[PDB]
Amino acid sequence: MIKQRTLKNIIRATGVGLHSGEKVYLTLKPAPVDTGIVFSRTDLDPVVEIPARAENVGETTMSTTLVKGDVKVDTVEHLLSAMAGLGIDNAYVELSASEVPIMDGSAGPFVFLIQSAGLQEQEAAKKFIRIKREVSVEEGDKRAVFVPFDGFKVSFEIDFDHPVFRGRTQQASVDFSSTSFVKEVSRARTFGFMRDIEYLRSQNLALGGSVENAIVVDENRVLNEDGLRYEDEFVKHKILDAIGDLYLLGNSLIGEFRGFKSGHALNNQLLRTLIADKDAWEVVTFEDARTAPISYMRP
Ligand SMILES: C[C@H](O)c1nccn1Cc1cc(C#Cc2ccc(OCC(N)(CO)CO)cc2)on1
Ligand SMILES: [Zn+2]
């Protein structure tokens, strides 16, 4: 059967919250079968735990925030993208503060730390959500869609209206059967356009933001002296964001996501609409990994 996965060993990391600018200590711990991904604020007494599920999303402004009463875990999307790309079902994510550390702005450091610790298969069938019907949400010129597909693929189209894109929309499609999340998506960084800076300022956001954790773009060019990691790094990062948000479903997807100028807000509306429409999805397991429409790396 395709089995559930956890971490083989504990992972420790330190860094800064993109939004908060706070120093944060992160611990990823193995978790039992059917735990899912659970964030824990260990700075609070008692400890406050928030399952990484669509129902716990409280804010979708420039990040995905989990909320339980007055308690937040901000910017979950890049870490959750890492745990989706590595097929992790069960893990405790402990944080000493309100935000996941930004690291280099990408999922790269997370996939490296996790794959350094290793994964552990568990004696329970991995549960998948299979898309059975098309599910579409729009608002204005933004759209986000689930389409039936015997695999997992993400398509994204952005029109950022900026010289750096040379009058073209940026588009990419990745099928994770045939294409490496690790090599082709995980290294795509957070980006900040200087034209958004008075907005971020106005909102007291991106307090931890610098060239160390984001592609910084002025009116014309990437200012990062070492340039881009991918020719299309902006749209590859949008794909990374969407994989992170999609993992709030609580199970790996069998289907296709299409985004059209979509972001955290519309991604989370799509999830809510999918969950609500039980005609459009079912939970499936695979007794034979050889005949399933997806596969995983050795643990
Ligand atoms: C998190 C979400 O999933 C996400 N992923 C991709 C983009 N975003 C949204 C976002 C982007 C920023 C930023 C930023 C930022 C980066 C650098 C920066 O530095 C500007 C400067 N002061 C250098 O320190 C001048 O160069 C300022 C803001 O904050 N939220
Ligand atoms: Zn992001």
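For the protein, the PDB entry supplies the name UDP-3-O-acyl-N-acetylglucosamine deacetylase and the organism Pseudomonas aeruginosa PAO1. Quoted verbatim from the Catalytic activity field of the UniProt record, the comment on the protein reads "a UDP-3-O-[(3R)-3-hydroxyacyl]-N-acetyl-alpha-D-glucosamine + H2O = a UDP-3-O-[(3R)-3-hydroxyacyl]-alpha-D-glucosamine + acetate". Per UniProt, the protein has the following entry under Cofactor: "Zn(2+)".

Asker: Just give me the short version of the UniProt feature "binding site: Zn(2+)" in the protein, but keep the residues and values in it.
Answerer: According to UniProt, the "binding site: Zn(2+)" feature falls on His78, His237 and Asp241. For this annotated set, covering 164 residues, all C-alpha atoms fall within 9.2 Å of each other, a compact arrangement in space. Here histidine 78 lies in helix α1 (residues 77-85). For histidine 78, a relative accessible area of 5% gives the class buried. Those residues in contact with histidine 78 that lie beyond four places of it in its chain are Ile102, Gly105, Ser106, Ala107, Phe110, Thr190, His237, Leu240 and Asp241. Within the secondary structure layout, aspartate 241 lies in helix α5 (residues 233-246). Accessibility expressed as a relative area gives 8% for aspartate 241, which makes it buried. What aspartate 241 contacts, discounting residues up to four positions off in sequence, is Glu77, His78 and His264. Side chain to side chain, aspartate 241 and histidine 78 meet in a polar contact 3.1 Å long.

Asker: Account for the pairing of strand β1 (residues 3-7), with residues named and values stated.
Answerer: Across the five residues of β1, four count as buried, placing the element largely inside the fold. Inspection of the sheet shows β1 paired to strand β10 (residues 119-125) by four bridges, in the antiparallel sense. Counterpart to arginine 5 in the pairing with β10 is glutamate 121.

Asker: Can you tell me about the domain arrangement of the protein, naming the residues and giving the values?
Answerer: If you check the domain split of the protein, you get domain 1 (1-127) and domain 2 (128-299). Its C-alpha centre places domain 1 at a distance of 18 Å from the equivalent point of domain 2. Counting residues at the interface gives 47 residues for domain 1, matched by 51 residues for domain 2. Roughly 3600 Å² is buried in total at the junction of domain 1 and domain 2, and carbon and sulfur atoms are behind 63% of that figure. At the boundary of domain 1 and domain 2, one finds one salt bridge. Between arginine 229 and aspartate 104 there is a salt bridge, and its shortest N-O distance comes to 3.0 Å.

Asker: Describe the pairing of strand β14 (residues 152-158), with residues and values.
Answerer: Extensive coverage of β14 is indicated by the burial of five of its seven residues. Relative to strand β18 (residues 252-260), β14 runs parallel, the two being bridged by six bridges. When the bridges of β18 are listed, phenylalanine 156 appears paired with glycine 259. Relative to strand β15 (residues 170-175), β14 is paired through six bridges, and the arrangement is antiparallel.

About the criteria used
- Residues numbered from 1 in each chain as written, not as in the entry; some residues may be left out.
- Chains lettered and ligands numbered in written order.
- Heavy atoms only, no water.
- UniProt positions renumbered as here; feature names shortened; annotations may be inferred.
- Helix = DSSP H or I, 4+ residues; strand = E, 2+ residues; numbered from the N terminus.
- Buried < 20%, exposed > 50% of the residue type's maximum accessible area, 1.4 Å probe, protein only.
- Contact = heavy atoms within 4.5 Å.
- Polar contact = N/O pair within 3.5 Å; in protein donor to acceptor, adjacent residues only side chain to side chain.
- Pairing = 2+ DSSP bridges.
- Domains from an automatic or database assignment.
- Buried area = accessible area lost by both parts, 1.4 Å probe.
- Salt bridge = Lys/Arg side-chain N within 4 Å of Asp/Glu carboxyl O.

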